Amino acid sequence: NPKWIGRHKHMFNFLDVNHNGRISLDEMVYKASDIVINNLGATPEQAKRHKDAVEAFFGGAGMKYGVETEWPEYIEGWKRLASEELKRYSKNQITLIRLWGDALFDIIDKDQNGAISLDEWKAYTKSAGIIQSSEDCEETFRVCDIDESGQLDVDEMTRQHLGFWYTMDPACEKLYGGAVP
């Protein structure tokens, strides 16, 4: 699973505030709160809801306040969480990631219309530390926007999070690495 592992290594590095190669729940929750408040302009109410949910999400992966976790244990923790949460999702049940994604959604939905516009998505992608062209940002928006409505709903954004945090690499390759001639 090199692609899932790679997303997770880049995220571990992003949330490892002191850059020492070990991570705590304090680092992870600190950096996530800092971004929602200072990059995405969350209100106090918004930030507290997000804090509680992100704490439960990252806690589910086995991270704890006051404890430093090394990479092997970190990634095994995410594997375990992903496996349990994908079972819940398969049974149409509530997940920790869905609860997190709900609190985040309210914050990135700046115009409170219940859908994420392209502009809203550009701000969110930037908040996660991504630097990329307009064209690349638009492509990942189109990928997220399954019904091509032009805005991203809660279900689309849930699938987005599930794909990033939990979904393992496809078992088989496609002809042309999945490209179309």
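In this text, residue numbers run from 1 along the sequence as written.
Taking the mean C-alpha B-factor of each stretch as recorded, 67-75 and 82-90 are not equal, and the higher mean is that of 67-75.
When the mean C-alpha temperature factors of 12-20 and 159-167 are read from the deposited coordinates, 12-20 comes out higher. In this structure the maximum Cα B-factor among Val154, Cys144, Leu40, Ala56 is found at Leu40. Highest C-alpha temperature factor among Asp119, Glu148, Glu138, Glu45, as the PDB entry reports it: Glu45. The deposited CA B-factor of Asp111 belongs to the highest third of values across its chain. Per the deposited record, the Cα B-factor of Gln132 falls in the middle third when ranked against the other modelled residues of its chain.
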